[PDB]
Structure formats: structure tokens, C-alpha cells
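Novice: Let me see the structure of the following:
(chains A, B, C, D, E, F, G, H, I, J, K, L, M, N and O)
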Amino acid sequence: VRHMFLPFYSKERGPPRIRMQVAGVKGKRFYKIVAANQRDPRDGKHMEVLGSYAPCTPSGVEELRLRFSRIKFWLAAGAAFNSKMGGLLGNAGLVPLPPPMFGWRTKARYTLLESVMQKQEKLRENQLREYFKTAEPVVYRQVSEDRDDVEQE
Amino acid sequence: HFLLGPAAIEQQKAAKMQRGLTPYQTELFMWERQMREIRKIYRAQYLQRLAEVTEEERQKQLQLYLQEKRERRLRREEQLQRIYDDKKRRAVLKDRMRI
Amino acid sequence: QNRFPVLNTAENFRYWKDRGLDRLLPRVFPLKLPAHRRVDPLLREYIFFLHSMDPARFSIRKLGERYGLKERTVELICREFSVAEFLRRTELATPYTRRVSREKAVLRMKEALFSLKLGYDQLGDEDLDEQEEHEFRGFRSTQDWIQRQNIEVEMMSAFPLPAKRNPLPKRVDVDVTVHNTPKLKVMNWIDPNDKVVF
Amino acid sequence: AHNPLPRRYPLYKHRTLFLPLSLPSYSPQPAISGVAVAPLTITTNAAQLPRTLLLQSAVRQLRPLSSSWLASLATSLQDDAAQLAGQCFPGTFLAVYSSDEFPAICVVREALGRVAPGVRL
Amino acid sequence: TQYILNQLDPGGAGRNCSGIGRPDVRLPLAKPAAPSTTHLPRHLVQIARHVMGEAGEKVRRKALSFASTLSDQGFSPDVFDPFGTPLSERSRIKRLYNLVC
Amino acid sequence: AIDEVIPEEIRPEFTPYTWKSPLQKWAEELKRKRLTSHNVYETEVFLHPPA
Amino acid sequence: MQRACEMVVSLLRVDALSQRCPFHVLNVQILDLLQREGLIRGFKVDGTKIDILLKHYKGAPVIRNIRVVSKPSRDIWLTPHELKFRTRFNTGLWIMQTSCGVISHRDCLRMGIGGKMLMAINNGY
Amino acid sequence: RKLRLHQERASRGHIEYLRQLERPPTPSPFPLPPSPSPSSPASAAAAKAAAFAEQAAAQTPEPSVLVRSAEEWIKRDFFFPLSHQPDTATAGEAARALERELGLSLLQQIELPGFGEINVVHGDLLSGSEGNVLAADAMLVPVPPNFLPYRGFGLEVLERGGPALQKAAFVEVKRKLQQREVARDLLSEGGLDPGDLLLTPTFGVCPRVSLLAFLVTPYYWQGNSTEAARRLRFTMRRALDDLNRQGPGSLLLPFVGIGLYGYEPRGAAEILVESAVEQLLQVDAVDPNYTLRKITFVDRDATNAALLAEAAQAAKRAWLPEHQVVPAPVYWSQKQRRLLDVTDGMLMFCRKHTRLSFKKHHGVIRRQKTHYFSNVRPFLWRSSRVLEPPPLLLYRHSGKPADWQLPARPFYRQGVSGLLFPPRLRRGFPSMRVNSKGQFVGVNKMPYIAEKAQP
Amino acid sequence: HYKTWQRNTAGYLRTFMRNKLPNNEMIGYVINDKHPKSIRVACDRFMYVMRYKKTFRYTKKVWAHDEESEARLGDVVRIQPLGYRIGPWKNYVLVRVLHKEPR
RNA sequence: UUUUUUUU
RNA sequence: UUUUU
RNA sequence: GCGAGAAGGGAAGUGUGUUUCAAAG
RNA sequence: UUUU
RNA sequence: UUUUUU
RNA sequence: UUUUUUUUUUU
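Specialist: Residues are numbered from 1 along each chain as shown, chains lettered A, B, ... in the order given. Take a look:
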């Protein structure tokens, strides 16, 4: 069924591809994911808009809005993408998670470091357990009878 | 469930290396082969679902075409009857005046 | 000229309204006040306690039925009570010296004056659920925004008259959440106008 | 590109949000499970009324799936009535019945719903 | 009569009505009248009249079921309520009450 | 079932029942006594203290 | 089409009981719609001219304003979704000429077909 | 079941939103034209023909816009009426097929190990003649008096049984009524009280039923909605309580509140469900006496049955630790907990001088056009107004997303959400068209920025 | 050029339909049939004005081709366009003849 | 009942 | 800039 | 080996553009 | 900066 | 720095 | 102008 994708392909510009754009106001730029050819300009002609991406948001968590019924359809047509694009789509579950830099087999020291961090989090939990039994908003110390408030978050 | 499941991650690591290639290349090529299978799965699914919609739309066109054909045929026939009835009266009346 | 003893007629609509020279006459009106503030402060503590004790047995809806409080009103009582107590136990600041906008300051004065004259309410007086009734709520209530008409004209006949064209729902875009992570938030854009679901 | 706010004496007063909602359909709708869901008044506030909450709740439950001419009319009516009546064996109100004849009418009552649900005797 | 009352006070299934005009309600009538026993079943009353006994057949309710000349919905000396259930109390309206206030 | 309605004063709100909660009964008792007063309730006082 | 616009002058009279009108095929159909709404007491075809009666109430006539939209030199057409905007919050009577005969503006929107605005009866601005 | 893949969960929300917007059709009957029409012959013929066109207009769904040429559409609009079932009204075959695989095309069971055996909500016939056709204590909801005027489930039951059953019912009530009068007279409201129970052995009503209880229920028209709910809870609790120290534990309460006393499937439903759980656990009991360990609900009505199921789900939440949901934004915050010590000197800058606060700069815009092309257009990349979606709900223990969650939040301009003459949009086949051969082909064109903003 | 809002009015749509024909066909009357196997068809078109809301008419004389030379002067015929250029003047092809003038 | 009315 | 009178 | 006018206003009036369709080197 |  | 004040 | 929320027609 390659006949159905003929129009999409452009001889002058090139084959279709998926990338991002840079638009908005100076100082508050936001990424916009669209579909275009290879030689097309970064900000110009576009075939279809897939979504957007906001790496900086007031809440502090990166947002990502995408179309689940369009990305899968475009991939079947034979549309490539950059390395960075694959990583973001992998987390969403649309495509297999690509390997990180230097591969996975070399990730030897990180495995041990991650275990230490996980162990510390579990140990910290045990510490706070006892606190709830004798929670004291106001706790002094044997220095100058100074007041020290305690609050969780 | 295999490509998108945890089994895909461990599959890339368990691969045979080749002389003259970096460790990252072995996993990259293995991942590329997996990406080729997902494209076919989506293509097959889209075509199968599109076929159902195409057949449903075809039935609507046939029903609409038949309904419009009957409406025009009946309306046209009624108009012709009025003209034919009136034309006959004029022809016979005109000959009467000549005599 | 006509007989219609009911309370939903053209003349009876918006009863006790100035129609004539009395429109310019100054008239005093009662001052509105939210229900969550007219209740006895004492009962607020009690209600909060229950909520914080056993949310399962004492649900948001069941708790408000006994005291006659709406689901939305009861939620604010716990939220406003929590913050007041938090600053006292922790020895942070007094409620009186708390910073707040001017809109709330005037509201506090009315609450104190409301009780000084009449008194606090021991139990709320409001219905949990709404009821379809004929009332005047703004200028957008007595208007048809679909057909954009004020006066309906129909043919007078005893035989069954053909029905009117029913309206269709408006299709608009919405968003949903699929995967949420501490360092990333993925969302899906829904397009109801798309024929192919896939 | 605008932030409406009061700029007059009445700067602090109750300002409830109003959401006009006209009739959804002019056709006559039946009662859902015996509870009437017909529109009584056109004035509707933003808060959803309990009567309307029932209709919308059931909407989401429904799944998307699923010679002369005069002589012929009477000929088919008799055949259809006889055929349907014989399936139960191998509307208007005001149907009286005696105490000792309850079994005779009980079977008939329950048998009309299998071939004519519209009957409301 | 039913239609007239419906317009004066909207009331039905799933709605809070004032109970004015219903058979099971006490009203301040100008003159005494018998209850509306027309809606009660005839099979259950007839079978219950014998098992109730003389205590609840001539001294409980029938002792005052025909004391007044007037009646409601005609007359029915055979059908009545042997049990002494008082259908007192009423409900306030939501339309007229809000106008006077 | 309706006839000539004679004006009669009733108090449906203040009607003790076997299903009302203990708090409701208490609250209604105090409120009822306040409205029935004919010496303090039905009076207008300018100053707060009995000057 | 020219004879259609000549009916407004005759029907728009105060101190009169009956007025004549030229006979036309299209004019006969228009009078039928007006009579249904209760605007014309009656009419009769007197051969080369049609005699149309006038309706009055408390002195003043039932018709107070007539606006001619369509003219022989041009043609006004409105889509089903555009007629509603034009005609809104009014009690006026607009004659619509659809393919399936002649009907009022109220019926044109019900069918959703594209009509043709001929004239206006009891219309303001 | 248990959709683990992200793609499966994403598609679930799409179907739910489309189902709400979908409404089945309702063709209205058309009256026959009158034969003795007083109109002129020219108008009579046109009117008669127009009647038939309207009938087929509402019973002939139109195809996609892309099917026929543009020219065709224009001619049809001015020659035929507009259909009542446009192509953009109902979902296509694609939506129906997806639900078959996802699993969306015995209802509920609340099981508690140790207290309550099971809580099955199976809906079926009671007296049609195991889950729902084996018990030993049947329930009934008669009118306050001992005579049912009309309607009511109990009306059928009593008549079915014949005079044999009826005789036992009148004797039991007579003795109970007399006992109350004597007890309230020697030691010092002459009618019955809502919340009483009466026992009556079965007389052939149902072979698989031993007992037949008689629980009175109150009315709904008395008082407001807030007062009505309070009354039902009192009767339920008293009924359940008495049943406990009565006999064996087997409750077959079909549905309480239904009949002719006023019912609300939405509100009334929650009362019942919520009440059942408490009985099992016997919360309100100093001395636990576990006797009742089986509660079931039976409903004939399909519609009602479905609704009942919903209630069950809500009941299960906030009660069992295995089904306790928690918003994602607060779930992660609660995990990485810390103890922060704040001294008196750290709150120096927190305090402020001014007491009150308010906006010191009016939001009155000066330039409508200059501001729009500087701080509105760049920040707008969509042609539709969409608000922030609600947060995702996750579990507490397992920390995984749940199936049931809040629905979408569609937005409407000026509140009105009704279109009478919807146009034929071109969004049905994005970047796809029909060729001369009939096949589907793509296109190469720049999309319109205001495509969705021009309905 | 017409604006986006000008393509949805009934006035413009009606004019478009009249001008639009299958295979971009046209209707006109022959005015010159002197050269062999040649006939000049005079077609009439329409246009819409968004200022005064009035439609006018303007003639469009074009050249056509005939094989059997059946058409004659003053005879309404049907023309069909072609995706090439044949002859110095010939730009159309005949299909049929609707009306025929006596001699 | 709080350095509340009260205002860099 | 300075800051519990 | 591959990419590169990414800094072009000099030509044209019924043209440059827009719209409707079509295109299995 | 009465959050750089 | 004074006056008033659930 | 929302304590523990990044959600809120806050007013």
C-alpha cells in the first residue's frame, strides 16, 4: 500500500520527518512538535501538527501533549526522527525505549549508586515513624532555651 | 506487549558483538530491527480498521442515491401530466375556432 | 379577561418589583452571607474532628446530611478550620494578625455583627440537592440561546402538529492524562471530529 | 487579554456564576425507570439539578453497539394478531377482575409483555 | 381536579410536594367529612374485616365513619379502614410561603 | 380529595418525630421558644445595655 | 415578478374596505399564506383583477408595515444558518420561496432548506 | 482486563468521551396531509409533495463530505431538505470494534475476609420459579398501612399467596398493635412508627424461601430532600439491627425505596449500599454478635441494576486499603518526607508591614491590537479553547493508575452547547482524499491555522 | 479574490453552481462557421459582487472544433475543454447539438 | 479581647 | 537604605 | 566522497496569485 | 523582592 | 502620649 | 487573594 504515501514524499524537499520547532516570546520559548520534510526550514511549512512540548512550566514538571491516533499513523508511512525525539516517545509507551548514551552494558557504577540512594530512602522512613508517637510542635534545646519549630512537607 | 514490555530492554543487552564496532552500536542495531516490526503492526491495524469504515460509508451513499432518484422521478412525472392535459385542451379548442 | 390563578404568569413574574416611579426610590435590602460562616463555631470544630477521625464511616456526604449541609459547603468548613488551628499549635501567628485581602476583612465584620444582633445558627437550613423551580436568576435565564428567539409562534390546530428540529451537541476538544511522573507529565489530545479512532 | 473586575462602590458582593442551559431536545422524552425527566422550567442555574443528573448518568451507560390497499391492511392485522397470541401458549387501563379469577388474569398480565411491551393495562 | 392541583403546586415522583389534595392527608374542611377510602383495595379489606374481630369493626373506625351526612368521592359503606391509623399533619408550600416572607 | 379550605395556623417546622437526631430536637426547641416570645422578641431596643 | 411587488400599495390602506389587485399566478399563492396567519379577511378573483378585503381592529389596520426585500432586478438568498441571524427576537412574517412551494420563515428553518426572502410583514428594522 | 500498556489506557478515555456525546435518534411521526385543503390547487400540490420529503429527511443518514464533489452539495442544499442525522452525529464502525477487544462489551461483589462473607448485587427475578435464588428470609416494603392501593412489589406477593398468607399477616399485626397500646398506657401517636418489623412464614410464595419479613418504609414527599435522606437511614439501620438477633443470617432485601413512595436511583442508591457494609462489621455494637453474614440485592429492572453496580464501586473505595486512590501530585510529595527545623530568626522576612492587600494595578487593557500580537498570538498554538485536564489518580500501596477516574471537562462558549445547523467539516479524513479509482490518497498542503475556530 | 467569509454566502454559492458544470463544460451559441471544421461558440458566464449584492453577465467568445460539421450559425451547442493546444485558434471540442436552426 | 476602631 | 516600638 | 543563491526585488497585466480537480518514472 |  | 469599644 | 496540591470559575 505504498501508493497511499506518494503525495507525502517530496522530491525537492525530501522525505517526511518528525522534529520540533522554536516559537513564542523571547525568554519564554516553547517547543512545538510538527511533521515536515528534511530540507524544510525550522519555522515554516508543516504538514500536520502532532502536539507541543513545554520543558519549563510553573509547576516545575515538564508537560507533553501528543496525539495517540496520529503519531502511530505517521510512523507506518515511514517517517524518521532524531535521537532526542525517540527518547521522549519511548517514555510515553508509543515506541520501544531507546538505549541511553554509551549503551546499557557499560552502566555498571550507576547500578551500585542507585541502590545506595534507594537504601537511604527506606532507612529515612524508619526515622519518622517514632516521631508521630511523640510529635511536639515546639522543641527546645540545652543551649539557650531556644525555640525550634518542626514542620513536614 | 513484548516490544513495549520489560523484555525488550533486556533483549538488547543480550546480543553478540562484532569486531570493529563499539558497544553502543550493538544495541543500536538491535533496537532498529525492533522498530521495523512495530511499523508493520500499526500499518496492518490501520488498514483493517479503515476497511470497516469504508464499507459503512458505501451503504449510506447507495441508500441516499436511491432515495433521491425516486423523489426526482415522481416530481418530474407530476409536472408533465399538468402540461400534457392543458396542451390537449388548447389544440382541440383552436380547431373549433377555425371552423 | 382571562383566568389563570397561578404564580408563573407574565404579571406574577418577578413579584415584589418596582414597576413605575418606585424604581428610583431608595430601598434597603438584606445583606447576604455564606452558610459556612453563619453556623455556630462550636459545631465547626465537632464537624472537623469527625472528618479527620474516620473518613470512611463519616463520609463527606453522610456527615452533611445529619446537620443539613451541602457537599460543597461542608468541604470548606474543614479546610478553613485546619489552617486556623495549624498556626496556633505551631505558635506561628495569631488569627487576628493574619494577612488577608480586604474582601475577607469586611466579611468577618459582617459575621460578628450577624450574631451580635440575631445570634449564631445551631443547625444549617439548606437543601442538599437542588429542585427544578421557576425563579429569576439573571438576565440569561429567560432567553433561548439555541434558536435565538424570545417569542415563540406556533400554528393553532387541534390535529397533531409536526415537531420541531432538535438541536445537536457541540463537539469540542478535551485533554486527558495517561502517564504521570515526577519529572514528566504526558497527556493525550482527544479529537472527537476524527472518523478513524485507531 | 482582559481581566474584568468591579470599579465602583459595589466592590465586595456575592457574584454567583450563571451557566444558561436551554432545552436539550424538544421531543417528548419518557420517564426513566418511572422517574420523570421532562423539563419543567427554562431557567436553569450552573449547578446541575438532581432530575437532570439521572438522564446524563444513564446516557454514558448505553453502549454504542446495537385489489385495494384497504383490504391488505386488515388481512395482515388479523394474521399478525393471531400468530402473536399463539406464541404464549402451546394499551388501556380499567381492567377489572374478581378475587377468585386472579390466576386467570395473572398469566395474561405477564404474557402481554413478551409480544407488546407498550401495553400498560 | 387533579390537573388543577398540579399547576397550583408541582408535585410527582422524585419531587417534594405539599401533600395538599392527596387522599392520605388531613385538611381544614369547613364541615366534617369521611376519609377518601376509594383508593383502598376491596379484596384485602373484605378478608380483613372478619379476622379483625368485633373490637375493630364497630368501635374502632366504623363508630365515626358515618356520623356526618357529607362524604368524599361518593359513599362506600363496605370499603373502609378497620385499622385506626390517623392521617394527620401536613406540609408547607415553597412558592406562596416565600412571597409573604 | 379537597373541599372548602379553612385558614388554620400550623407549624410543620416545629414537629418532633421519632427519627430526628438528638441535636435537631434540641436546636428546634430553643428556636421555637424565641419566636413565641411576646415581650423581648417583639420589641425594638436602640442601645445594647438597659440604659 | 413585477406584479408581486404591486400588491403592497393596495393592501397597505387605512380608510378602505376592499382593494383591487392584478391577477397573477404567483400572487394567488401568496394570499393563501397570509390568510392562515389571520392577516387577510378574504380575497376573490374577479377575472382580470383580484378583490382583496382589509382587516381592521379598533380602527387601526392589522398591517402596519410592509418591506419588499426581493426585487425583479436582483435576488436575495440566505442559507439555513444565516436566516436565523437575520430574523431573531421578532414577531415578523417573512415570505420564503423554497423549491417545495411557498412557506413562511418559521417552516423554512424547520426543514433546513435554502429559501428565498420575498417580502416582510409586520417587520421593524 | 488490567490494561498495563500505556496505549490501551489512552484509548479507554477516548471511547468514554465519545459515548457521552453520542445520542440515539428519535424519529418523530408526521401527520398525514389534509385532503380538503382550502388552499389553491397550485399550493395544494406543492404542500402534498413537501410532506413526503420531510419523512425521508429524518430517516436517511448522509455520507461523508468527501464522497461527492463540492458542486453536488450546493445543489442538494437548495433542492432537498437537510437530514437530521449528519455524518458527524454518531460514531463509526471503528469505535464499536475497539470496544470488543478492550473488554468493554453477577455485577459486583464486595468481599471482606473475617466479617462478611460476600455482598453480591446480582440482578434477576425473585419469584421467577446458588447466587440469587436461595435464601431463608425474604423482605417486603408495603405502604404504612396494611392495604396497598396500587403499585408496589408487595401487592403481587400478597395476592399470589392467596387468603392463606393474608390471614397470617392480619393476625400478626393485630397482636403487635395491641401490645404497644397497653405498654404505653400502664406506665403512664396512636399509629405505627417507621422502623418496625414483622415475621411471616411463607405459604407457598417461593419454595426456596423460609421466612418473609415485613418492614415498613416512610414517604419521600414529606419534607425536603435533605430531610428525606435522614429518614431513610434511620429505617435502614433499625431494620438491619433487629434482623440480627432474629434468626439465621440470610438477607434477601431486593430493593428498598422503590415502588410508590418516591425513589432516587442516584441518591437513594448510596444510602443502601453504605448501610449494608456497616451491618456486617457491626460498628455500632458494644457486644459483637456475628449472626448476619450474607447480604444480597435483587433488582428486576436492567437500568436500575446497572446503576446499583456503580454504587458498589464507590462503597468499596475509602473502606478497603487495597482500593485507596490518591492523586499523583500529592502521592509523590507524601513519599519523600522530611523533617525541617525552622528557628525564630528564619521567619523575619515572612512578616509584612501592611495589614490588608489588594490589586494595585487595574487589568484594563490599553491597546487591544498591540497586546494581542505580542503576548496572545505567540502563546496560542491551538485553534480550540482547552482548559487544564484533571490530575491522574494512582493507588497508595501499589502506586499504579486506577481504571475508574474522573471524566473529561469539555468547555463551551457562553454556556450554550447546542448547534442546530452543524456544517460539514473536512477533519474526518486528515490528509486523505478520494481518487478517480475510488482509492484513498494523501495530500500535501499547509493546514489552516483557524480550521477549528471557524465552525 | 474572495475572502474566507465570502465563500459561504448563498449569493456566491448560487453563482458558482451555475458556472460549474461536469467536466468544466459550457453552454453557448455559435456565431461564426466560415472556416472548415471550425465554429466560434459564444458562452455566457456569471459573477458575484459582494459590495452591492448583484450578479451581472458577460459574454465569453471562444473557438471550438467540429468533426461532422453538423452545427450551424445560431445553434446552441455544448463544448468541452482539452489539455493541449491544437491549431492557431482551436481550443475546444464539440459533444452534441441541443437546438438546430432551420437552414 | 487580638498592640480592635486607626491610616509610610 | 534601615527594621519586633 | 557528500552538502552549499539558505546575504537574490533585476523581468511580467491579464501576468503573478487564489480556488476546484487530477497524477502506479 | 514584601520569593534573585 | 489622647478618645471610643464583646 | 488556597499550609501540607503541581488540582480549584478563589472574588
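Novice: Whether the top helix by length along chain B contacts chain G - can you check?
Specialist: Longest helix of chain B, by residue count under DSSP state H: helix B:23-98. No. Using CB under 8 Å from any CB of the partner chain, helix B:23-98 stays clear of chain G, with a minimum separation of 9.1 Å. Every residue, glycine included, has its C-beta placed from N, CA and C.
Novice: wait, does that helix contact chain D?
Specialist: No. Against chain D, helix B:23-98 shows no contacts by CB under 8 Å from any CB, the least distance being 12.8 Å.
Novice: Excluding covalently adjacent residues, which one is nearest to residue B:2?
Specialist: residue B:8 (6.6 Å; CB to CB, 6 or more residues apart in numbering or on different chains).
Novice: Just the buried residues of the helix or strand hosting the one you found, please?
Specialist: Per DSSP states H and E, residue B:8 falls inside helix B:6-13. For helix B:6-13, burial by neighbour count (16 or more other CB atoms under 10 Å in any protein chain shown) applies to B:8, B:11-12.
Novice: Now the residue most central in space within chain C: phi and psi?
Specialist: Geometric centre of chain C, nearest residue: residue C:72, 8.1 Å, by CA atoms, centre = their mean. Here is the backbone geometry of residue C:72 (degrees, to the nearest 10): phi -70, psi -40.
Novice: Repeat that for residue A:18.
Specialist: For residue A:18, the backbone dihedrals are phi -110, psi 130 (criterion: degrees, to the nearest 10).
Novice: Residue C:190 now?
Specialist: Residue torsions, per degrees, to the nearest 10, at residue C:190 are phi -100, psi 130.
Novice: give me the beta-bridge partners of it?
Specialist: residue C:174 (DSSP bridges).
Novice: Please report how far the residue of chain I found nearest RNA strand O lies from residue H:448.
Specialist: Closest to RNA strand O within chain I is residue I:5: 29.1 Å, counting by CB to the nearest atom of the strand. Applying CB to CB, to the nearest Å, the value for residue I:5 to residue H:448 is 13 Å.
Novice: the more surrounded of those two?
Specialist: residue H:448 (12 against 9; other CB atoms under 10 Å in any protein chain shown).
Novice: Next one: that one from residue G:71, what distance?
Specialist: Distance, residue H:448 to residue G:71, using CB to CB: 37 Å.
Novice: Quote the end-to-end distance of stretch H:379-390.
Specialist: 21 Å (CA to CA, to the nearest Å).
Novice: Show me which positions of that stretch end up buried.
Specialist: Quick answer for stretch H:379-390 (16+ other CB under 10 Å): H:381, H:386, H:389.
Novice: so the second one is in which element?
Specialist: Secondary-structure element containing residue H:386, defined by DSSP H and E: none, the residue being outside all helices and strands.
Novice: Report the contact partners of the residue of chain B found nearest chain G.
Specialist: The nearest approach of chain B to chain G comes at residue B:75, 9.1 Å away (CB to the nearest CB). If you count contacts by CB atoms under 8 Å, 6 or more residues apart in numbering or on different chains, residue B:75 has them with residue H:49.
Novice: circling back: quick one: the longest helix of chain B to helix B:6-13, angle?
Specialist: Comparing the axes of helix B:23-98 and helix B:6-13 via axes from the mean of the first three to the mean of the last three CA atoms, to 10 degrees yields an angle of 130 degrees.
Novice: For RNA strand J, give me its nearest residue in chain I.
Specialist: Counting by CB to the nearest atom of the strand, chain I gets nearest RNA strand J through residue I:5, at 54.6 Å.
Novice: Ok, chain A next?
Specialist: Counting by CB to the nearest atom of the strand, chain A gets nearest RNA strand J through residue A:147, at 16.0 Å.
Novice: What's the local residue count around the residue nearest to that residue when sequence neighbours are not counted?
Specialist: Leaving out its chain neighbours, the residue that sits closest to residue A:147 by CB to CB, 6+ apart is residue H:344, at 5.6 Å. Using other CB under 10 Å, residue H:344 has 11 other residues around it.
Novice: Residue H:344 and residue H:9, how far apart?
Specialist: 50 Å.
Novice: Also residue E:35?
Specialist: 62 Å.
Novice: Now do the helices in chain A.
Specialist: With helices called from DSSP H, chain A shows them at A:68-76, A:83-91, A:109-133.
Novice: Kindly compare burial across those and name the winner.
Specialist: helix A:68-76 (a mean of 21; mean count of other CB atoms under 10 Å in any protein chain shown).
Novice: Fine by me, thanks again.
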